[PDB]
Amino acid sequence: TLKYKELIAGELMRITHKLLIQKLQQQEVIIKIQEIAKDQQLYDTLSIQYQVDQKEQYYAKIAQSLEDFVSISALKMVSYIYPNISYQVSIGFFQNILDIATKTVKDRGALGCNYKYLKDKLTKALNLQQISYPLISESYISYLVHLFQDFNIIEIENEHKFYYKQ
């Protein structure tokens, strides 16, 4: 269940970061559980274990998964009573993640850097002891890396390796 929790949280991390940069670009930053919900992978990922075809069931499963984001102060509850459920995003929390990932890749220099190494270094640096499962997932690292690439900060290289199956 820990691996599944990381999977759900990584999706919610991306959806939040995206809603964060989108609202910051538009203009203190408040997101609705209905906005958070508008993402295909979140729904697909929650459907692995939960039936969330009903709007309300989906929102409940999101609420439950977002409790840990509130505990690590990435989010703060602002509206508690459905249909008005809302969260204030911590700008510093997500900025702090950008800083760490940026430094981590810069420090690697010409040697470069893979997904796993960035996931682990960021996970280590955040040090979110109050949660039993990692919050940073591969899918989320993927989003960060491609965001950086879009801003010319990094170059991504596909290096396929293959192995004979004995």
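One rule holds for the numbers: they count along the sequence shown, beginning at 1.
According to the entry, the deposited sequence has no residues without coordinates between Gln40 and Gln41, so the chain runs continuously there. For the pair 127-135 and 114-122, the mean B factor over Cα atoms is greater in 127-135. As the entry records it, the average C-alpha temperature factor is higher for 146-154, out of 146-154 and 8-16. Placement of the Cα temperature factor of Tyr82 within the chain: highest third of the modelled residues, per the deposited record. The deposited CA B-factor of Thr45 belongs to the lowest third of values across its chain. Sort the chain's modelled residues by C-alpha temperature factor and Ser65 lands in the lowest third, per the entry.
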